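# Residue-level structure breakdown
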There are 4 protein chains.
Amino acid sequence: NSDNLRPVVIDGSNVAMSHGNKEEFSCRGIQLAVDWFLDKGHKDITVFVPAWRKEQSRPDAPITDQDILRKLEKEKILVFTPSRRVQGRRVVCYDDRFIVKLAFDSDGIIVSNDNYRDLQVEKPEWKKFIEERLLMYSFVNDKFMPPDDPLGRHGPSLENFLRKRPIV
Amino acid sequence: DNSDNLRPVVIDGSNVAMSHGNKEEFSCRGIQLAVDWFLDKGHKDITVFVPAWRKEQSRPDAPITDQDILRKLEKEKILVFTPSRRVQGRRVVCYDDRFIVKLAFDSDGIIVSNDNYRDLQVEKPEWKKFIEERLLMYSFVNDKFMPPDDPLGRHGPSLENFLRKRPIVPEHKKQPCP
Amino acid sequence: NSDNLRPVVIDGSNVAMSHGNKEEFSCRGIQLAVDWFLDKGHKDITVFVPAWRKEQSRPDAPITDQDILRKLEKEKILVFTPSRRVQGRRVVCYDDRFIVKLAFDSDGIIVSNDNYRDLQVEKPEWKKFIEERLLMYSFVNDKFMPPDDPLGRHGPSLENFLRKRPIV
Amino acid sequence: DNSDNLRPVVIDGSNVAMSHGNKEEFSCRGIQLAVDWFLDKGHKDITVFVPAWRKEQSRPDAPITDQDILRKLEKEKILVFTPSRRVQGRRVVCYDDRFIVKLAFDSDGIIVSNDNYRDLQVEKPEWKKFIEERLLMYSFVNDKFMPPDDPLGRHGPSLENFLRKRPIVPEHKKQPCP
RNA sequence: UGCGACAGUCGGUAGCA
RNA sequence: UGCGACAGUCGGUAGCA
Ligand SMILES: C[As](C)(=O)[O-]
Ligand SMILES: C[As](C)(=O)[O-]
Ligand SMILES: [Mg+2]
Ligand SMILES: [Mg+2]
Ligand SMILES: [Mg+2]
Ligand SMILES: [Mg+2]
């Protein structure tokens, strides 16, 4: 049940990196983060991943548990980001603004450790949103750990932050 | 407001409807969502292509949902069907893809699709050039049409200067360049 | 007719580079070199190319006219060199020694600008062969130009060098 | 001379014969050439695998040349056929590939093939490990069997220390290492 | 040599180290 | 900033620049 809980958006290209072997795009990490929200009684969750991650794992962009991506798409949870090769090289469309544009227009929250310095500048109205709605995380081997104070000690609880109606 | 500053728009429906509904299902709903996006943007010239054999009742091997959405768009001079027929029990298809390209090319418009049409880029060089710079990709979020704000790489144009023929709408850039 | 002419071995991985856009593996170059020998009345010609060149053209190892390779294999002229990915990375088997080992055991000549510094050292008996049997080349846009004095002015003519029985 | 210092040898004939003759043709000649190479090297343990349906006369859709070479190698306890049969007009194949692997594994030998057996590496991890370090590839020059002198990368062993069980045969290396 | 550490070309992650 | 020129990881061609 979505008892007053918020839409959720995840920067998968950030999570998978920060989960295992930092240099590796470990899809498992995406799984662990998701399963956490699921077990937390969430319904609306969306992940973003540039599409060229389906491309077979090279040594220059290593990736593990690749089959997890298509499996999450099947549940209308994972969403790929437009990618293609123009003149033999790659065009990406910069997924970063997809994560925000979605969350902004849905009045949700972002799961990522990237501060989006570039986009805070591109649109002041976005800056405010990024300032108040970015949820960071820390990975410990095989457990999703978000902070109990997503903003500073001056900020709100974890439940009053991921819920639109606080329980006061 | 003026629509003459806008570019013609062509949509690969057989790509949209697939990518909207559980991939293996031809969900016409998406086509409606994609179009309405352009409409709200002040659009007049919009054209969709769909191989005609989709009017056939939803079979178990080629499932389709909300089938009646098609006739409503043809009635609006927006959807256009592509020739199909049965020769000796098989289907003739005429490959809708090149209808999408030929038109957008001949109208100097843009194509909406996630298919790169690699096969057609090779057959005609001038087409390749056009597809490279005039293909608009998208991403569907359940019931939300999301095109990229940078249809080409960061070095390329805005979504509006690419989706509009007069690109001179005031630009704002930073950085000292070479 | 093979009127006393020698077996021919070509370092394709060297030719294709040196033909067009030095940084590009231009298969056309292989074609031009071959066609030259063909028009010269040659029968035994063999080219070597590590197999991973069939892999689609990346920006990091660009290659053009890729379909020319399989087309030359069909004529029992092109030969691929064993390649595979062990642990996600590439193993190559170092084609260089295939070109020599073949030419040595066939008493032919090598077409390449590489001096094989490493192999002259690995086997002295090979060094002698490399010294006397390496034919260099120079590419001018779309024409195969070998030297009329494959060795120094002190050395032999082009025909007496690519033919085992000299015409004296 | 001693052959006990040698490793068991297994050959994927359906890969060799193909790659020798015009790819689409099953040229048994190659198998002979490949084997004789090992023989001249002082070999005793050599074993080949071939799906049995190759004894069927050369059909136009599955061409084969020098078919009689097969029986001669079976007669020599070198070639071994792999189970095949026709169920209801179709063929049952039993997938010769895993016969090659299981044996070489169980004999602690090496495999001669250009197929990486990716599918089998996944089914059994211990096999993957073995295939990575025990697959010997080759290259055919018309009528010449050429295996690499470095079956693994330059960092790996010689062709002989990989093709022999006792690797200690005097080594000569240069370079100061870490 | 010694094949790297580097010289050109180029990709993934970093917003200054 | 400014995204590069660079910092880590890494590939193709070079035998010393
Ligand atoms: C191994 As050295 C000191 O010649 O670069
Ligand atoms: C563009 As600058 C001088 O801040 O590196
Ligand atoms: Mg990013
Ligand atoms: Mg199509
Ligand atoms: Mg080389
Ligand atoms: Mg096989």
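Residues numbered from 1 in each chain as written, not as in the entry; some residues may be left out. Chains lettered and ligands numbered in written order. Heavy atoms only, no water.

Per the PDB entry, chain B goes by Probable ribonuclease ZC3H12B and derives from Homo sapiens.

Per the PDB entry, chain A is named Probable ribonuclease ZC3H12B, and its organism is Homo sapiens.

## Details of the overall build of chain B
The condition that has to hold: Comment: elements are numbered from the N terminus, with helices defined as DSSP H or I runs of at least four residues and strands as E runs of at least two. Note on method: radius of gyration uses C-alpha positions; expected globular size equals 2.2 Å times residues raised to 0.38. Relative accessibility decides the category of a residue: with a 1.4 Å probe and only protein chains considered, values under 20% of the type maximum give buried, values over 50% give exposed, and everything between is partly exposed. Residue contacts are counted whenever heavy atoms from the two residues lie within 4.5 Å of one another. Per-residue and other accessible areas were derived by the Shrake-Rupley procedure at a 1.4 Å probe size, with only the shown protein chains allowed to occlude residues.
Each helix and strand in chain B was counted, giving seven helices and 11 strands. Here the C-alpha atoms of chain B give a radius of gyration of 17 Å, agreeing with the 16 Å that 2.2 N^0.38 yields for 178 residues. Its C-alpha atoms give chain B principal-axis dimensions of about 65 × 35 × 30 Å. Burial analysis of chain B (178 residues in total) assigns 44% to the buried set. Considering only residue pairs separated by 6 or more positions, chain B has 62% of its internal contacts joining residues 24 or more positions apart. Total accessible area on chain B is roughly 9,800 Å²; 51% of this is exposed by carbon and sulfur atoms.

## Digging into the interface of chain A and chain C
Rules: Buried area: the accessible area, evaluated with a 1.4 Å probe, that two parts lose upon being put together, summed over both parts. By convention in these notes, a salt bridge is any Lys or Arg side-chain nitrogen within 4 Å of a carboxyl oxygen on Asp or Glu. As used in this structure description, the phrase polar contact means that two N or O atoms lie within 3.5 Å; if the pair is within protein, one of them must be able to donate a hydrogen and the other to accept it, and residues adjacent in sequence are counted only when both atoms belong to side chains. Amino acid classes used here: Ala, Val, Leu, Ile, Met, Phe, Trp, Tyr, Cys and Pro are nonpolar; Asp, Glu, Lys and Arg are charged; the rest, including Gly, are polar.
With five residues of chain A at the contact, the number on the chain C side is five residues. When chain A packs against chain C, close to 470 Å² is buried across both sides, 54% of that on carbon and sulfur atoms. Among the residues chain A hides against chain C, the three largest losses belong to A:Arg58, A:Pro59 and A:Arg85. Together they make up 65% of the total. Remark: the boundary between chain A and chain C carries zero salt bridges. For the pair chain A and chain C, the interface holds zero residue pairs in polar contact. Tallied by class, residues from the side of chain A that touches chain C come to one nonpolar, two polar and two charged.

## A look at the arrangement of the chains
Taking C-alpha atoms only, the smallest gap left between chain A and chain D, which are not in contact, amounts to 13 Å. You won't find any contact between chain B and chain D; their C-alpha atoms come no closer than 25 Å.

## Looking at the side chain of D:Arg164
Within the element layout of this structure, D:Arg164 appears in the segment after α7 (159-163). Not counting residues up to four positions away in its chain, the partners in contact with D:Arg164 are D:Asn5, D:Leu6, D:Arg7 and D:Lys41.

## Quick look at the packing of aromatic side chains
Where we set the bar: Planes of paired rings set the category: under 30 degrees apart is stacked, over 60 is edge-to-face and the rest tilted, where pairs are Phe, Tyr or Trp rings (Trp by its six-membered ring) whose centres lie within 6.5 Å. Consider the ring centre and the ring normal. A charge sits over the ring if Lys NZ or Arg CZ is within 6 Å of that centre and within 35 degrees of that normal.
Following the criterion strictly, the structure yields 34 aromatic pairs over all chains and no others. Measuring from centroid to centroid gives 5.7 Å for B:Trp37 and B:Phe145, while their planes differ by 55°, and the two rings are tilted. Of this pair, B:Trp37 sits in helix α2 (residues 28-40) while B:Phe145 sits in strand β11 (residues 145-146); the two residues are 108 residues apart in sequence, bridging distant segments of the chain. Judged by its relative accessible area of 6%, B:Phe145 falls in the buried class. Its end group placed over the ring of B:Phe81, B:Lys55 keeps NZ or CZ at 5.2 Å from the ring centre. Here the basic side chain of D:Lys124 rests over the ring of D:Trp127, its NZ or CZ set 5.2 Å away from the ring centre.

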